[PDB]
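There is one chain below, alone, in structure tokens, taken in the form deposited in one PDB entry.
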């Protein structure tokens, strides 16, 4: 139990449970796996399914999370309908139910997220062959969503889980050290609480800050392309170990974009209602100030992050660069991404 830090606290609205409790004479609670804003993810034995080990997402008894859960359930039912064998790499839902105001969703049990493995491993970047396979599966799973009129909107390393996050301590002679390496790079995409059908109401602000597309920031409307932007940032992150856009501020974010990617298109600058960020038709950002120095020193043009001159590394950056195109309509689609030369070192299953 932790200390509450404000009136509106994240600790409020959870279902109280203790290890060993059974929910609905069915789900025996084995351990707590994580806590997000929505509630908790718990490991359970499902006793009405041969004792299968499952992940149970127990949602807070708070209306906004209860609403998000209903939308997620609807999205997962679509996923199950269109992908009965659970082949398109989005997490499989088994069952859902209302427990005294707390929505509960049952999923296949999975390992640590691609973020948490990275974090626990000292942010040591994934080797490129792992980046390739992880990125490929990510593009497959989200392409499936894009084919069925869906946009995830909150893609990030925390929402990409290893099927099994077991690792090997392999010997690295170059550094005279031992290093952790995940044995299997099979992944699933999770958390569909923000996933939006083409025809549904679009929230103005979507995505976690680091993964947010420029059309979202400038409020130009967003659809599937904003997922591709997120994927571009995620892939970069797998390759170097740190976020591409380390910021929490629109103006700074947009400045970092310009520094990493070049000037924002005029069409977007003139169209946006966020005129506050612009002066005389260009980003209102003084590079010569202390704020400007920070951006100049802590990020650089995208390609300069290459840690090797080998063609397969350049191919990776061709991929990222195409995903981080400013204009959503010019940005690489996920169907195009799967045909990209970077992935070639894989043969169809």
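Positions refer to the first chain, counted from 1. Residues that one form lacks are left out of the comparison. Basically, rigid core = biggest C-alpha set you can superpose within 1.5 Å across the two forms.
Just so you know, the form deposited in another entry exists too; it's not on screen, but the next bit is about it.
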Of the residues 249, 198, 166, 178, superposed on the core between this form and the one not shown, only the C-alpha of one moves by 2 Å or more, and that residue is 178
>> With both forms fitted on the core, check whether the Cα of residue 327 differs by 2 Å or more between this form and the one not shown.
In response: no
task: Examine residue 336 after superposing the rigid core and state whether its CA is displaced by 2 Å or more between this form and the one not shown.
output: no
* Asked: Is the C-alpha displacement of residue 10 equal to or greater than 2 Å between this form and the one not shown once the rigid core has been superposed?
  -> yes
Core-referenced diff between this form and the one not shown: runs of three or more consecutive residues, each Cα shifted 2 Å or more, sit at 1 to 12, 170 to 178
